[PDB]
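Engineer: Structure here, sequence nowhere to be found:
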Ligand SMILES: [Zn+2]
Ligand SMILES: [Zn+2]
């Protein structure tokens, strides 16, 4: 019962719960992002903290599945912007409020902690935040 | 910058980093578990905190991929035990020490916290632990 182990479990459940429980999470969160405005491959890599290449994989699958449509900027031809299609919009929404609920779960969970206890939680989830880069 | 949001991000990166970066994590951790001893479908569901059905999906894929072999108990015919095959063992090992490294990352990360700060961390990762059931 080192906290190290507790951490490794926590993450393991996060992965194994997602897995088991057709679109990737990447795909789901791309749709979610493009739900509130259109964006480049590059905004999206930035926003979601992933490779350009990973967006372009997901993007292409989405386009194959009629989810998404690329339409080029009329000042800079290099740039393409993606909109959702009608088929996607129900899907984006559904995922959007799946995420609204998980925030309540997070809120309720955090309520168990004094607001000074929480500054450690904040600190902790913050260093944990991007020690996940490697 | 509510901690709620910080949490939802943390998890999101955990999922999107795993995804992008052929075997599932379930599969990888089943192999990992069966690396140190043989076990039922049921030990494994318990151990990994997932449905019986999810183990049997993963198990069957593994058997199709020649990773795994079921051999029945000689006192209770109802019970099947799974061993890894030779093809699997390199794979289990590799994943085993991928996990050895992530523990150092976790350790190094936790070192930044006073040992009283850490009792909150422990508390926190513990309630977070299985508020992830729903
Ligand atoms: Zn999501
Ligand atoms: Zn793993």
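Structural biologist: That came through, no problem. Residues are numbered from 1 along each chain as shown, chains lettered A, B, ... in the order given. Ligands and ions are numbered 1, 2, ... in the order given.

Engineer: what's the burial count for the residue nearest to residue A:15 when sequence neighbours are not counted?
Structural biologist: Of all residues not flanking residue A:15 in the chain, residue B:25 sits nearest, at 4.6 Å (C-beta to C-beta, 6 or more residues apart in numbering or on different chains). For the C-beta atoms, the positions are set from N, CA and C on the backbone; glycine is no exception. Residue B:25: 19 surrounding residues under other C-beta atoms under 10 Å in any protein chain shown.

Engineer: just the one 3 residues further on next, same as before
Structural biologist: Number of residues near residue B:28 (other C-beta under 10 Å) recorded here: 20.

Engineer: Pretty sure it sits against residue B:94.
Structural biologist: No - in this structure, residue B:28 is not within contact of residue B:94 by C-beta atoms under 8 Å, at 9.4 Å.

Engineer: name the element the residue positioned nearest the centre of chain A belongs to?
Structural biologist: Against the mean C-alpha coordinate of chain A, by C-alpha atoms, centre = their mean, the closest residue is residue A:29 at 4.3 Å. Following DSSP states H and E, one finds residue A:29 within helix A:25-36.

Engineer: gap between that helix and the chain center?
Structural biologist: Counting by C-alpha atoms, centre = their mean, to the nearest Å, helix A:25-36 is centred 7 Å from the centre of its parent chain.

Engineer: Give me every residue in contact with it, excluding its own residues.
Structural biologist: Outside helix A:25-36, the residues within contact range by C-beta atoms under 8 Å, 6 or more residues apart in numbering or on different chains are A:18, A:23, A:39, A:43-44, A:47-48, A:50, A:54-55, A:58-59, A:61-62, A:67-68, A:82-84, A:88-89, A:91-93, A:95-96, A:99, B:12, B:15-16, B:19-20.

Engineer: Kindly report the same for stretch A:42-52.
Structural biologist: A:26, A:29-30, A:33-34, A:39, A:41, A:54-55, B:12-13, B:16-17, B:20.

Engineer: Give me the buried positions along it.
Structural biologist: A:43-45, A:48-50 (16 or more other C-beta atoms under 10 Å in any protein chain shown).

Engineer: Check stretch A:116-134 too.
Structural biologist: A:117-118, A:120-121, A:124-125, A:128.

Engineer: Between the residues you listed, which sits nearest residue B:132?
Structural biologist: Using C-beta to C-beta, residue A:125 comes nearest to residue B:132 of the buried residues of stretch A:116-134, at 14.5 Å.
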